[PDB]
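Everything on this sheet refers to the single structure shown next.
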Amino acid sequence: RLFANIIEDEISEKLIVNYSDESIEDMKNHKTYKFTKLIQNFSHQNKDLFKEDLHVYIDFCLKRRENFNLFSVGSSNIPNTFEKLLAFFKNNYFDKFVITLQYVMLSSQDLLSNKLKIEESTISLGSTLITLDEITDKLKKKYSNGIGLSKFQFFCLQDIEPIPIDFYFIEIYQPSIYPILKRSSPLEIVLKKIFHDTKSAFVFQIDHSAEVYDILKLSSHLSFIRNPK
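Set out below in structure tokens:
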């Protein structure tokens, strides 16, 4: 599942956006890039991606109790994706789930403060844990060097003994990391555990940046990742 967040008024004429076909042709590199969905976005009227196809994706994994992820891949122009994600869960799930968050920068650094193990069922983080309702007006210090790794646990209120459904939100805004992602190193173990044991979805920021061509190339490799079997 590959989404292109098209910053339309900023992209070079060397990239040809085809909404009908959901494709981007790179006239510089003589290569065409296909996606699940192009999202038409603008620099001053900023869309919430969670009111589009992602909503359905998220909702489906939750109802099916399948562990899942979303990758946000971009550059220096950091989208508002993290804050809208928090807002989306507040508005839709607080009544069916107890939801926890742990948030780290990985290379580790705990982004919520005043251990990182691979297990069969989950990735265990030893950083600070909060429930999402603990986020109040008095709480800026976001990842926006390595990767941003958020782990949400959803404990369904309908269950007498809930197995948490894990959701991973992974922020990759450092061009250095694209090769590590492609190859999928400590990061490689994490990344490969996520691609193998959780359903995947990707959003790529397509804008002004000099990395846009590499972001596109990167999407081409990520387009081969399959559902955990």
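Under PDB author numbering, the letters of the sequence shown match residues 325 to 431, 436 to 442, 453 to 477, 480 to 484, 490 to 529, 538 to 582, in that order.
Every residue gets a Cβ at the ideal spot worked out from N, C-alpha and C, and that includes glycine.
Look at the alpha carbon of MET351 and the alpha carbon of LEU571, and state the distance between them as a whole number of angstroms. So the alpha carbons of these two residues sit roughly 17 Å apart.
Straight-line gap, residue 446 to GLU564 (C-alpha atoms, nearest Å): Here the chain breaks off after 442 and picks up again at 453, leaving residue 446 without coordinates.
Own chain partners of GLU376 with C-beta closer than 7 Å, once the 5 adjacent residues on each side are dropped: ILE363, listed in sequence order.
Pick from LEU373, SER538, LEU470 that is closest to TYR417, judged by C-alpha positions: That would be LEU470, whose Cα lies nearest to the Cα of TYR417.
With 16 other Cβ atoms within 10 Å as the buried cut-off, status of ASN580: Residue environment analysis places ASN580 among the exposed positions, since fewer than 16 neighbouring C-beta atoms fall within 10 angstroms of its C-beta.
Straight-line gap, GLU506 to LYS545 (C-alpha atoms, nearest Å): Note on geometry: alpha-carbon atoms of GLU506 and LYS545 lie some 29 Å from one another.
For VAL428, which residues in the same chain have their Cβ closer than 7 Å to its Cβ, ignoring the five residues on either side in sequence? For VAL428, where only same-chain residues beyond five positions count, the Cβ hits under 7 Å are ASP438, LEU439, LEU463, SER465, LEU494.
Does the distance from the CB of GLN519 to the CB of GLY491 come in under 9 Å? Contact flag set, yes.
In the structure shown, what three-state DSSP assignment does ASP471 receive? Three-state result, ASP471: helix.
Please say whether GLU332 and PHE374 have beta carbons closer to each other than 9 Å? Taking 9 Å as the Cβ cut-off, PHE374 and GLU332 do not qualify as a contacting pair.
Can you name, in chain order, every residue of its own chain whose Cβ lies under 6 Å from the Cβ of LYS408, other than the five neighbours on each side? Excluding residues within five positions, the ones whose Cβ falls inside 6 Å are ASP372, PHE374.
Alpha carbon to alpha carbon, what distance is there between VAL543 and residue 434? Structure remark: the chain lacks residues between 431 and 436, so residue 434 is without coordinates.
Nearest-angstrom Cα separation, counted from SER576 out to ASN370: Rounded to whole angstroms, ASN370 to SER576 spans 26 Å at the Cα level.
Among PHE499, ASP567, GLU346, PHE514, the one whose alpha carbon lies nearest that of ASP419: Taking only the C-alpha atoms, the option nearest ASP419 is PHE499.
Identity of the residues DSSP links to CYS385 by a beta bridge: Listed as beta-bridge partners of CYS385 by DSSP are no residues whatsoever.
By the DSSP assignment, the alpha helix (DSSP H) with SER400 in it spans what residues? Secondary structure note for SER400: it is in no alpha helix (DSSP H), with a DSSP letter that is neither H nor E.
Sort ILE348, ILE568, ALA411 by Cα distance to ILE473 and report the nearest one. Cα-wise, what sits closest to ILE473 is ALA411.
By how many angstroms is the C-alpha of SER399 removed from the C-alpha of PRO539? Their backbone Cα atoms lie some 22 Å apart in a straight line.
Which same chain residues, not among the five before or five after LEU467, have their C-beta less than 6 Å away from its C-beta? Apart from sequence neighbours up to five positions away, the residues of its chain that approach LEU467 with a beta-carbon distance below 6 Å are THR424, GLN426, ordered along the chain.
N- and C-terminal bounds of the beta strand (DSSP E) containing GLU349: Looking at the DSSP string, the run of the beta strand (DSSP E) that includes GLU349 is 347–350.
Beta-ladder partner(s) of residue 530, from DSSP: A break in the chain separates 529 from 538, and the residue in question, residue 530, sits inside that break with no coordinates.
Check each candidate in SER344, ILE348, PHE406, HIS379 and name the one with the smallest Cα separation from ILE517. Out of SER344, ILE348, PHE406, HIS379, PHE406 has the C-alpha closest to the C-alpha of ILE517.
Nearest-angstrom Cβ-Cβ length linking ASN353 and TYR566, presumed shorter than 8 Å: The beta carbons of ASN353 and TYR566 sit about 6 Å from each other, so the pair counts as a contact at 8 Å.
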